[PDB]
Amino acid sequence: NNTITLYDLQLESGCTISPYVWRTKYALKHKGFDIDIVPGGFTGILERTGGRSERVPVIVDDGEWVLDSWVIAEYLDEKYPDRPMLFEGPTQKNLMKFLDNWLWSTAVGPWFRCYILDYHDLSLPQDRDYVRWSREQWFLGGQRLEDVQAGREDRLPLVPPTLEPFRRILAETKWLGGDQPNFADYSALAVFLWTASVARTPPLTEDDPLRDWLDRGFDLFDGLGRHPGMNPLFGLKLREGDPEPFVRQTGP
């Protein structure tokens, strides 16, 4: 106290990649905790923990271990109601997962195949082999990463328009949590925080309306999403035949 251990999933730059670990970091600062970060990558997770977990994030409040970012979030609300609440209620949880799933299908799905080689290259040296064969065979490929990430210049322009349903919401609220952010924002923001960690070329345009909520979210808690290894999410340059990245409209 006032510290909680956090088993991180970091790239070679020490920059967090896992959105599950991202929203946990955010969930902890939201609660006003200090984070004792345990650095580590994809490989050797089970050994870093006391043989307690094959996945991260994992927190160790005092001595109590807590696995799974969602459980951890629910745990922080459980044991610390005095601190700023992560969940607004049961209805947020259900509606969150709907938005979360939608962001994973719409943003993570494409961007994953657009940054999988960068994802691999930016990883710690000890992870590169593991990340190589597992990702390109299970999720999958079926062939190698260089072949999947190839042609991303053509794929990336098609993602921004599909995000419009999410732009529609943020156009009428500062945060998903209302006037202040909560786990809804951090859960959704994790998507872009992960993207920013592996995007060696920006997936969004400069003037994307998402940027307001994004820059604000990344700036939260003394720039929690402003790690040195974080790449810019904005800077995508489109062609004549590309779709409009977002609805340019105003506004009664």
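One-based numbering along the sequence shown.
* When the C-alpha temperature factors are averaged for each of 89-97 and 116-124, which stretch ends up with the higher value in the entry? -> 116-124 has the higher mean C-alpha B-factor.
* Taking the mean of the C-alpha B-factors per stretch from the entry, tell me the winner out of 147-155 and 127-135. => Stretch with the greater average CA B-factor: 127-135.
* **Options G32, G40, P57, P202 - largest CA temperature factor per the record** => Spelled out: the listed residue with the top C-alpha B-factor is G40.
* Would you check the entry's CA temperature factor for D82 and let me know if it's in the chain's lowest, middle or highest third? => Tercile = highest for this residue's CA B-factor.
* Asked: When the modelled residues of the chain are sorted by Cα temperature factor, does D185 land in the lowest, middle or highest third?
  -> Its C-alpha B-factor belongs to the lowest third of this chain's values.
* Chain third (lowest, middle, highest) by recorded CA B-factor, residue given as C15 -> Within its chain, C15 is a highest-third residue by C-alpha B-factor, going by the deposited values.
* Can you work out whether the C-alpha temperature factor of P160 puts it in the lowest, middle or highest third of the chain? => Within its chain, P160 is a lowest-third residue by C-alpha B-factor, going by the deposited values.
* Modelled-residue ranking by C-alpha temperature factor, third containing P110 -> For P110, whose C-alpha B-factor we compare with every modelled residue in the chain, the answer is the lowest third.
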